[PDB]
Amino acid sequence: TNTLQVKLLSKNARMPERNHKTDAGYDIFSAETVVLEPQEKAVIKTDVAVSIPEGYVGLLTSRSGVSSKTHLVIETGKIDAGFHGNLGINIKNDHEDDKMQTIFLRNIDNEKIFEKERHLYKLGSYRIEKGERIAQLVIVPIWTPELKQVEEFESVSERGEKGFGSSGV
Amino acid sequence: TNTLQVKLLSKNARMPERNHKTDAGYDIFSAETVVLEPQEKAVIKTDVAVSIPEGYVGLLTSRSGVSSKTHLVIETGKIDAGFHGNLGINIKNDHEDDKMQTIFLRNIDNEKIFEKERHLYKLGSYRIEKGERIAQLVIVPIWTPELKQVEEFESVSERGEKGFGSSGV
Amino acid sequence: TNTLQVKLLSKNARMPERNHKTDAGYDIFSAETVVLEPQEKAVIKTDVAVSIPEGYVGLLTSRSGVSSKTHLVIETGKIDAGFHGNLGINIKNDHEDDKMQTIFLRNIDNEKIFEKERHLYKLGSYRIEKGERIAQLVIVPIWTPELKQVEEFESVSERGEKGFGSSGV
Ligand SMILES: O=c1ccn([C@H]2C[C@H](O)[C@@H](COP(=O)(O)NP(=O)(O)OP(=O)(O)O)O2)c(=O)[nH]1
Ligand SMILES: O=c1ccn([C@H]2C[C@H](O)[C@@H](COP(=O)(O)NP(=O)(O)OP(=O)(O)O)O2)c(=O)[nH]1
Ligand SMILES: O=c1ccn([C@H]2C[C@H](O)[C@@H](COP(=O)(O)NP(=O)(O)OP(=O)(O)O)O2)c(=O)[nH]1
Ligand SMILES: [Mg+2]
Ligand SMILES: [Mg+2]
Ligand SMILES: [Mg+2]
Ligand code: NI
Ligand code: NI
Ligand code: NI
Ligand code: NI
């Protein structure tokens, strides 16, 4: 089967979309408008549910555009096969709280939003509007075998136990 | 073969466990109790070694529960095939050091731990107990081809060189 | 085909290299020498272009050595199939700006670099030299199906809607 079951949970939800024909992931739309202060953490609702078949995992991960330009950090979520719940974007405004005020909010383009109302926000605060693409869903196959406890492994590897920068830099 | 060789390195080690029948990763137990101050970095030992077969990679990655609730950031580790060493959780308490004291430590549920002894900890400090699931192991297949230097690619793509938010937002 | 098309864009570019025979990723060399202050963000050029075939994604991701030892955080980039552009390492010096001076820069080994010239740098500043391996490219297969809007999914899963630490910890 070359089909994925996607369910829209609300009117605020929008169906994921792939950018180019040969692209890896389906861009994820935010279902809610959230303002994030420096160091603030949140799980942004997408109101989108998927039925990933067995033997596959969905990687709910950040986009290079938003991530490189803004301080919004998204933890790559491992969407289990059969997770029929509301996909949540595990997010954090990783900007430092230097404790000085500003009068502008910052959009996902790192640009200061222009508004007629006068407000005092914390510096580094971001606004994410409903319907904006802040994430993407890359679905990769997995290998889930039966685990086996052993005293020692049947063969020696060229790597051995070497890791964490054992080679040069 | 539908079997993975797992070796326990100590009595503090516990064998990885999959939550649901169709889930993606095997939950990783911590083999040591560590207290992490704000901004502090560590590599937490699991005392668990795996023999991943050739053509596959293990993704030693964070769990959504711990990551969304706490300031503990785990870098997704790429466990090479044949790495027979001690799996280390590349971790950081990404909480800001605002330089004010507290009398409670915070567990992996972001709750303040109750204890009879009186101590002064830094605000944002986390305690990770031995035997607690803070990570998971998702094993995905890989494609390792022979690299080839070319003057130019044989075909043009619809994407071209476009990237880093070349589409909208 | 067991071949990947790699193009070098400049004399500063170096072709990716795999550490061990059975390793997952090809180590990525930096094409430029960059000094990163605390909290500073950048996209480091590699001057290396790849032609990943359809049905695969490249994961431009951090190395365990550099990541665990330094404050340099690299966001795992999802290199689309047919992205013929300059691979950019989405990086950030996630070290806290505590606003105190130092006279040494810090290399990717977290060691203070010795130099005859006297300068005042910010504490937590890192220097990344041209030709140093700070990243790696792990290529995994993907599953890009045709999406389908449904009122409800055809079957019930044992997981259901449970997530974000629904099991224990
Ligand atoms: O979080 C991690 C990451 C890696 N590892 C192990 C698995 C892997 O085989 C090894 C190093 O992986 P990488 O090649 O990705 N990092 P690095 O290039 O720094 O190590 P080396 O120089 O030995 O390849 O360390 C962990 O135990 N935990
Ligand atoms: O770290 C990275 C991430 C991506 N890239 C490249 C590869 C990919 O094909 C392209 C953008 O990938 P994404 O679609 O995941 N991010 P975004 O949606 O912001 O870019 P676009 O809008 O062009 O799709 O940039 C890098 O060179 N380095
Ligand atoms: O960013 C995310 C991450 C996960 N999820 C969903 C998908 C997955 O099936 C579920 C939890 O995934 P994990 O098993 O990796 N984390 P955790 O172990 O904390 O949840 P549980 O205890 O329920 O397994 O939550 C999201 O919606 N967004
Ligand atoms: Mg995109
Ligand atoms: Mg789990
Ligand atoms: Mg390496
Ligand atoms: Ni800034
Ligand atoms: Ni930070
Ligand atoms: Ni807090
Ligand atoms: Ni330090």
# chains A, B, ... in the order shown; residues from 1 in each chain; ligands from 1

call {"tool": "interface_residues", "arguments": {"of": "chain C", "to": "chain A", "cutoff": "6 Å", "atoms": "only C-alpha atoms", "output": "list in words"}}
result
residues 54, 64, 65, 80, 81, 90, 132, 133, 142, 143, 145, 146, 147, 148, 149, 150, 157, 160 and 161 of chain C

call {"tool": "closest_atom_pairs", "arguments": {"of": "chain C", "to": "ligand 7", "cutoff": "9 Å", "atoms": "only C-alpha atoms and all ligand atoms", "output": "CSV"}}
result
residue,atom,partner,partner_atom_place_in_ligand_line,distance
C:39,CA,ligand 7,1 (Ni),7.9
C:40,CA,ligand 7,1 (Ni),7.8
C:41,CA,ligand 7,1 (Ni),8.7

call {"tool": "atom_distance", "arguments": {"atom1": "atom 24 (O, counted along the ligand's line) of ligand 3", "atom2": "CA of residue 91 (chain C)"}}
result
29.4 Å

call {"tool": "select_by_dssp", "arguments": {"residues": "region 2-166 of chain B", "states": "strand (DSSP E)", "output": "PyMOL selection string"}}
result
chain B and resi 3-8+17-18+26-29+34-36+41-45+48-51+56-62+72-74+77-79+88-93+101-102+121-122+126-128+133-141+146-149

call {"tool": "residues_around", "arguments": {"residues": "residue 121 (chain C)", "least_positions_apart": "2", "cutoff": "8 Å", "atoms": "only C-alpha atoms", "output": "list in words"}}
result
residues 101, 102, 103, 104, 105, 119, 123 and 125 of chain C

call {"tool": "write_last_selection", "arguments": {"atoms": "N, CA and C atoms", "output": "compact mmCIF listing (two decimals), in the first residue's frame"}}
result
# COMPACT_ATOMS: atom_id res chain seq x y z
N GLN C 101 34.50 38.32 30.37
CA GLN C 101 35.53 38.17 29.35
C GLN C 101 36.50 37.02 29.60
N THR C 102 37.15 36.59 28.53
CA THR C 102 38.23 35.61 28.58
C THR C 102 39.28 35.97 27.53
N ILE C 103 40.48 35.40 27.65
CA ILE C 103 41.56 35.69 26.70
C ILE C 103 41.88 34.51 25.77
N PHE C 104 41.12 33.43 25.91
CA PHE C 104 41.29 32.24 25.07
C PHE C 104 40.02 31.91 24.30
N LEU C 105 40.20 31.39 23.08
CA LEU C 105 39.11 30.76 22.35
C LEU C 105 39.12 29.26 22.64
N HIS C 119 43.95 38.92 22.90
CA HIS C 119 42.60 39.36 22.57
C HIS C 119 41.62 39.06 23.70
N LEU C 123 33.29 34.61 27.15
CA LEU C 123 33.43 33.27 27.72
C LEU C 123 32.41 32.32 27.08
N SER C 125 33.04 31.10 23.91
CA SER C 125 33.23 31.26 22.47
C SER C 125 34.01 30.08 21.88

call {"tool": "select_by_dssp", "arguments": {"residues": "chain C", "states": "alpha helix (DSSP H)", "output": "number ranges by chain"}}
result
C: 64-69

call {"tool": "write_last_selection", "arguments": {"atoms": "N, CA and C atoms", "output": "short mmCIF file (atom, residue, chain, number, x, y, z; two decimals), in the first residue's frame"}}
result
data_model
loop_
_atom_site.label_atom_id
_atom_site.label_comp_id
_atom_site.auth_asym_id
_atom_site.auth_seq_id
_atom_site.Cartn_x
_atom_site.Cartn_y
_atom_site.Cartn_z
N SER C 64 28.98 12.56 17.96
CA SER C 64 28.92 12.39 19.42
C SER C 64 30.10 13.02 20.15
N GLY C 65 31.28 12.97 19.54
CA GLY C 65 32.49 13.55 20.12
C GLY C 65 32.40 15.05 20.30
N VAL C 66 32.12 15.76 19.21
CA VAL C 66 32.01 17.22 19.22
C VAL C 66 30.84 17.69 20.08
N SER C 67 29.69 17.04 19.93
CA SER C 67 28.46 17.43 20.63
C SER C 67 28.53 17.27 22.15
N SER C 68 29.11 16.17 22.62
CA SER C 68 29.20 15.88 24.05
C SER C 68 30.25 16.73 24.76
N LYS C 69 31.32 17.09 24.04
CA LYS C 69 32.44 17.83 24.61
C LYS C 69 32.25 19.35 24.56
#

call {"tool": "atom_distance", "arguments": {"atom1": "CA of residue 38 (chain A)", "atom2": "CA of residue 97 (chain B)"}}
result
13.3 Å

call {"tool": "atom_distance", "arguments": {"atom1": "atom 23 (O, counted along the ligand's line) of ligand 3", "atom2": "CA of residue 113 (chain B)"}}
result
22.8 Å

call {"tool": "closest_residue", "arguments": {"among": "A:112, A:19, A:42, A:162", "to": "ligand 6", "atoms": "only C-alpha atoms and all ligand atoms"}}
result
A:162

call {"tool": "closest_residue", "arguments": {"among": "C:59, C:151, C:106, C:129", "to": "residue 30 (chain C)", "atoms": "only C-alpha atoms"}}
result
C:129

call {"tool": "residues_around", "arguments": {"residues": "residue 107 (chain A)", "least_positions_apart": "2", "cutoff": "6 Å", "atoms": "only C-alpha atoms", "output": "PyMOL selection string"}}
result
chain A and resi 109-111+126-127

call {"tool": "write_last_selection", "arguments": {"atoms": "C-alpha atoms", "output": "short mmCIF file (atom, residue, chain, number, x, y, z; two decimals), in the first residue's frame"}}
result
data_model
loop_
_atom_site.label_atom_id
_atom_site.label_comp_id
_atom_site.auth_asym_id
_atom_site.auth_seq_id
_atom_site.Cartn_x
_atom_site.Cartn_y
_atom_site.Cartn_z
CA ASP A 109 10.96 34.73 9.90
CA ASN A 110 12.78 36.49 12.78
CA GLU A 111 11.18 39.76 11.63
CA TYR A 126 8.30 34.60 19.25
CA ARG A 127 4.79 34.46 17.78
#

call {"tool": "decode", "arguments": {"residues": "region 67-102 of chain C", "atoms": "C-alpha atoms", "output": "short mmCIF file (atom, residue, chain, number, x, y, z; two decimals), in the first residue's frame"}}
result
data_model
loop_
_atom_site.label_atom_id
_atom_site.label_comp_id
_atom_site.auth_asym_id
_atom_site.auth_seq_id
_atom_site.Cartn_x
_atom_site.Cartn_y
_atom_site.Cartn_z
CA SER C 67 28.46 17.43 20.63
CA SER C 68 29.20 15.88 24.05
CA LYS C 69 32.44 17.83 24.61
CA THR C 70 31.40 21.28 23.31
CA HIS C 71 28.41 23.64 23.49
CA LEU C 72 28.03 23.51 19.69
CA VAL C 73 24.51 22.28 18.90
CA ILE C 74 23.74 20.99 15.40
CA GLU C 75 20.16 20.56 14.20
CA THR C 76 19.77 17.30 12.27
CA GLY C 77 19.17 18.46 8.70
CA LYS C 78 16.86 16.50 6.41
CA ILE C 79 18.63 16.58 3.04
CA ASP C 80 15.91 16.08 0.41
CA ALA C 81 16.51 13.83 -2.59
CA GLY C 82 17.78 16.02 -5.43
CA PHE C 83 19.06 18.87 -3.24
CA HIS C 84 22.06 19.89 -5.36
CA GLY C 85 22.88 22.95 -3.23
CA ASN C 86 25.65 23.70 -0.75
CA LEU C 87 25.16 21.55 2.37
CA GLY C 88 24.85 23.89 5.35
CA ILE C 89 25.48 22.86 8.95
CA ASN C 90 22.66 24.44 10.98
CA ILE C 91 24.68 25.28 14.10
CA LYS C 92 24.44 27.22 17.38
CA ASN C 93 26.87 27.88 20.22
CA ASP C 94 24.37 27.03 22.96
CA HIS C 95 26.74 28.25 25.71
CA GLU C 96 25.22 30.76 28.13
CA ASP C 97 26.20 34.42 27.82
CA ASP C 98 27.20 35.19 31.42
CA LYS C 99 28.80 38.47 30.22
CA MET C 100 32.36 37.92 31.47
CA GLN C 101 35.53 38.17 29.35
CA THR C 102 38.23 35.61 28.58
#
